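Accompanying notes for the structure given below.
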Amino acid sequence: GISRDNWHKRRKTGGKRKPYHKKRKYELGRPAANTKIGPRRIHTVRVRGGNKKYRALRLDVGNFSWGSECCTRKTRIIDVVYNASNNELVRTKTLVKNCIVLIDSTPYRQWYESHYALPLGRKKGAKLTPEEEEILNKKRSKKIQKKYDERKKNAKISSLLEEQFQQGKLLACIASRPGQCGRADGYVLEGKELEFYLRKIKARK
Amino acid sequence: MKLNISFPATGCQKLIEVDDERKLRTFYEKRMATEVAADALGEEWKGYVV
Amino acid sequence: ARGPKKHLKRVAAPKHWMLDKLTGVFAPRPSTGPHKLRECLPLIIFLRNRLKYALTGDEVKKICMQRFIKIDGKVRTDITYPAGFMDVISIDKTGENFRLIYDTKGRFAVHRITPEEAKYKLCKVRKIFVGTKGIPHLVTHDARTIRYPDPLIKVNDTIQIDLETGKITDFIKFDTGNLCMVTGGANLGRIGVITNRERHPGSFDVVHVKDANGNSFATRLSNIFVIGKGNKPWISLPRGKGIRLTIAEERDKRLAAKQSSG
Amino acid sequence: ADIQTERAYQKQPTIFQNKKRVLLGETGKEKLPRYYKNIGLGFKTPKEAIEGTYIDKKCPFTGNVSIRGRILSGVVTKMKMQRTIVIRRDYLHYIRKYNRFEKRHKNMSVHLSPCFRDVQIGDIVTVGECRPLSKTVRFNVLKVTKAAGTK
RNA sequence: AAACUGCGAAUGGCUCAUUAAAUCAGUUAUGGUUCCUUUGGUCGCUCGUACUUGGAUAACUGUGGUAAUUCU
RNA sequence: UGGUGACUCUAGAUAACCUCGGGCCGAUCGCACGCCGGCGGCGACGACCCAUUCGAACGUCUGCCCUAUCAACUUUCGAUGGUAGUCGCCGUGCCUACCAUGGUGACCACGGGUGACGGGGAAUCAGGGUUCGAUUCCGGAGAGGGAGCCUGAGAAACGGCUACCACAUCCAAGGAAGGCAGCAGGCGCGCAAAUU
RNA sequence: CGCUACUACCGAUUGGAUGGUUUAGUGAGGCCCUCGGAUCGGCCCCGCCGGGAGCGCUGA
């Protein structure tokens, strides 16, 4: 029976407002969708006009975009690490819009290696499992190898992104409203936005 | 307590007025959609599962 | 209050229907359709109050369910179907075609047209928009969606529509010097040549129209409907040619006609 | 100054700022394009909005508001809110029985963009009507004209 | 006839208790939204048993319970 | 591509996603005629999307009676604004978290009173005005008082449901059933208003 | 000053009725969420030749 009406509020002058009508159906509100990280659970809501809203109650997968490389991937949502609105929303690990999440980087790592030899970090270490060295070296005709060689020119990943890829988790921002559309979609944090949010997360501790 | 007993195979039905508590003892504390051997209702009822 | 209303009081009806005040409490509530509630002539008003083929609404229903009436070439059995400006009403049984047109008093006159002119109509395009993989669509004043219009056709232009196929035959641009009629406001029903359109960005444009008798008036841009290229209308006009008379001139004409007639 | 004075990163949603960089194209700073639009009705975009760094989603020129409806005017009387100012619209109301007028006024809370520096009490502001921006704000300052006494 | 399905039942009618920039009136806006119905349009634009698929349930028949209901 | 005064519009391209409570891409129905293992003309109904037909909901501007024996009010429990979000059909302190200390007022705020629903309008009126407007048209509100919902495009619906409060009906005392400010008609109230 | 009547205030006693605001609890009922899983289904193992049994899995 919660309501979003303006007539229960005080006036700009500050005086009380006496209601002339009781609560209307079109003025209703609904309980918040405190979308938690977990196996996909989405409840549909019949809304005004006969349309539907997708109240996502549990999500562990989101379509996040690496915008510098124009690479949108479906990824596992691992953690919630920063919320600008409420710090309770990070303790409870609630997925809302503009909340900062830790997502997986493995599909971004696959697209990373498909444009082979993005910035060299630790690639000469005591590691190299079989069956994926082909995606890095391969037997390529001279034209395709030259194409990869010229792709090497645009192999520039920010140092912070490199540390995140080493950690296996990318910082990302959820640009969707999980409690309204049923998806937790967003974009990988990079640039001054990434620096700002890293500073904020560090200063929270 | 009366018993409205039906036989689906011939689609027949009959109402039996049962007054003795001993016969109905086997029905008490049993929920709906439960199989019970209704041999306590008489000799002709022996072997019937309702 | 809750949901749409379904009735229309007799006195709250549009005044151009020329309904009575003692013939019931209710007026025919026009159905939803191509034209607005207050800018339409319901089929019952046309077939009963104007043409007098029916004395009651039941007789209008009897006439309409025999499929004798066609609006824009399509048989309509809804006796409250909203018929509005430029609509062609054809009765093949009695073999007559009318075009719903405005009189200088702002009322839908009973304007008979030839079978050859009943094959088409004029529509003011209300919007043009590119949609659905790049196809230009054009919406008209009668809610007729036409795909692939001529790229020259813009908003406020007039298009001649062939009623059988619903496709554009020709078009008149909205421009100074073009004949037009007024479809709303005080000057409703008047016909004249556009002389000047003065633009008000963020507000309503005002168009000035000069009569064929020299009289000049103004309307809002939404109330203009281009009728012909230059001063020749593309459609037949009522007994009056869009020239609104003053009350003195109308009184003199009436007196002279009665003197010379009986 | 530093526009990141909030708990969330402040940015124009239209502008994509972390495009892939180039070492030779680096000249000390990454460079940032500015999103601005011209509101209609012949109002010029201030040089501040085009070449500023402030983030204000309710700015008519760099935000997400549209100017539609009434264009009004008033004199600035309060500047004690964040990006909002209280202007006073004065008028005369006609009382017919006495064939006379009475001075009336009302105060409008209007959004003021950071693109308008050096706005003072008593300055005249042309404001444009937009969607509800807050509980009481429905107008956005489009132009500022200085008071004659300013020096 | 019934019964299932579909639509309507949110209109109309009554009353004036509440309600003091509230309702309301004129004026504008939705470039900040929803829209059954009518009308016009879209409706092989998916590139991997169809010569027609499945299970129910009403109505109906039959057995009933309650003092009592448009109960079942 | 197209458009507006103005889009973060329309259209286009790319990389993905595509809700078990899953989005469309007809397993529907009547009439009439035909020439080798095939076609087909009129309709009815239904589904998606667009177009606002009909609205609804929210905003803008200006206008409302008496009262100061009501002069300061609002701000803890949002009061004014900012940022992020939640919710909603959407804009919005609508709500939440954080932040700022704002916002209204003798141009009468705030409070109180009203045998105050508002207006079109009515009576009176030389001119100006005074009083009335429950009442058939438009808009609002309510269905004994509150509150919460289902269904649905649309209701916080009451000749729908669910409670409590008041009143009240039948009962075999276990239970069941209510809502005339609809049309008539009773009671009551009154100076005061008609046919079951 | 007497002195029948009439209207109005302040009141010890809060003597009785009708109302509306509020602290503190308590709180029906619906809605939402997290559980629950009566019961009903098919998929799992067989005959008869037409050619009624399990928190095994799954859906309501």
Side-chain angles (χ1 to χ4, degrees), chain A residues 1 3-6 9-10 12-15 17-18 20-26 28-32 40 42-44 47-51 54 56-57 63 65 70-74 84-86 88 96-98 179 182-183 185, chain B residues 2 4 6 11 13-15 31 33, chain C residues 1-7 9 11-12 31-37 82 128-132 134 136-137 139 142-145 147 166 201-202, chain D residues 6-8 10 13-14 37-42 64 66-70 72 80-84 86 97 102-105 107 109 129 131-138:
Chain A
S3 212
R4 311 174 75 256
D5 43 26
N6 178 50
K9 202 103 170 163
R10 269 184 185 268
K12 178 195 216 248
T13 79
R17 168 150 44 216
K18 266 192 266 169
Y20 64 120
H21 73 306
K22 46 165 160 43
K23 284 172 185 209
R24 294 289 188 238
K25 154 84 173 196
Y26 58 70
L28 71 85
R30 294 201 196 91
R40 172 153 73 52
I42 294 159
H43 286 186
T44 191
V47 308
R48 174 161 210 90
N51 316 117
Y54 295 86
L57 306 166
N63 188 42
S65 197
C70 330
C71 169
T72 315
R73 280 300 167 277
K74 175 182 155 118
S85 298
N86 206 350
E88 262 274 275
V96 301
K97 180 171 176 342
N98 218 55
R183 334 259 195 85
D185 296 10
Chain B
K2 320 198 179 70
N4 198 14
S6 29
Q13 283 145 122
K14 108 171 301 209
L15 208 84
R31 301 192 291 276
Chain C
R2 324 171 263 141
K5 299 174 125 213
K6 314 191 169 200
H7 291 74
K9 288 304 164 67
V11 81
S31 315
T32 40
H35 302 97
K36 302 202 93 87
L37 195 144
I128 63 160
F129 64 95
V130 164
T132 318
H137 299 64
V139 177
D142 58 65
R144 181 129 44 181
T145 299
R147 307 198 322 171
Chain D
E6 297 276 351
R7 321 228 288 113
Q10 301 296 312
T14 282
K37 65 172 170 176
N38 87 326
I39 77 186
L41 323 159
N64 199 12
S66 309
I67 303 306
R68 350 112 326 177
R70 319 231 161 223
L72 304 186
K80 294 290 212 18
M81 266 145 35
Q82 301 208 13
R83 274 144 166 191
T84 326
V86 172
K97 170 185 193 191
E102 55 186 44
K103 271 176 182 46
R104 293 194 183 198
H105 86 270
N107 291 353
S109 284
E129 182 208 358
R131 62 171 160 85
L133 296 186
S134 65
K135 190 186 167 186
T136 67
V137 172
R138 285 94 168 85

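Proteins come first, then strands; the chains are lettered A, B, ... in the order of their sequence lines, and each starts at number 1. FYI, side chains are in, hydrogens and waters are out, and symmetry mates aren't considered; it's all heavy atoms of this structure.
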- Using salt bridge (charged side-chain N to carboxylate O under 4.0 Å, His left out) as the criterion, list what pairs up with D:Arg68, not counting sequence neighbours. D:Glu129

- For A:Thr72, enumerate each residue passing the side-chain hydrogen bond (donor to acceptor under 3.5 Å, both in side chains) test, keeping only those at least two apart in sequence or located in another chain. A:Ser65

- Query: C:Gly131 near the nucleic acid: base, sugar-phosphate alone, or nothing, with a heavy-atom cut-off under 4.0 Å?
  - Reply: sugar-phosphate

- Atom P, compared across F:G91 and E:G40: separation rounded to whole Å: 35 Å

- Task: For C:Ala1, answer base if it contacts any base atom (sugar-phosphate contacts may also be present), sugar-phosphate if it contacts only those atoms, and nothing otherwise; contact means non-hydrogen atoms under 4.0 Å.
- Result: sugar-phosphate

- Task: Describe the nucleic acid contact of C:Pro34 in one word from base, sugar-phosphate, nothing, applying a heavy-atom distance below 4.0 Å.
- Result: sugar-phosphate

- Message: How would you summarise protein contacts on nucleotides 15-23 of chain E per nucleotide, using B for base, S for sugar-phosphate only and - for none, with heavy-atom distances below 4.0 Å?
- Response: ---BSS-SS

- Sequence neighbours excluded, which residues qualify as side-chain hydrogen bond (donor to acceptor under 3.5 Å, both in side chains) partners of D:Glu102? D:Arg104

- Query: For atom P, what is the distance between E:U63 and F:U28, given to the nearest Å?
  - Reply: 41 Å

- Query: Base, sugar-phosphate alone, or nothing: which one does A:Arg10 contact when heavy atoms must sit under 4.0 Å apart?
  - Reply: sugar-phosphate

- What residues form a side-chain hydrogen bond (donor to acceptor under 3.5 Å, both in side chains) with D:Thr14, not counting sequence neighbours? none

- Task: Anything under 4.0 Å to a heavy atom of chain A counts; send over the first and last such nucleotide of RNA chain F, read 5' to 3'.
- Result: F:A15 to F:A157

- Message: Any N or O donor-acceptor pair under 3.5 Å from the base of E:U27 to the side chain of D:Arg70?
- Response: yes

- Message: Between E:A25 and F:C64, how far apart are the two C1' atoms, rounded to whole Å?
- Response: 11 Å

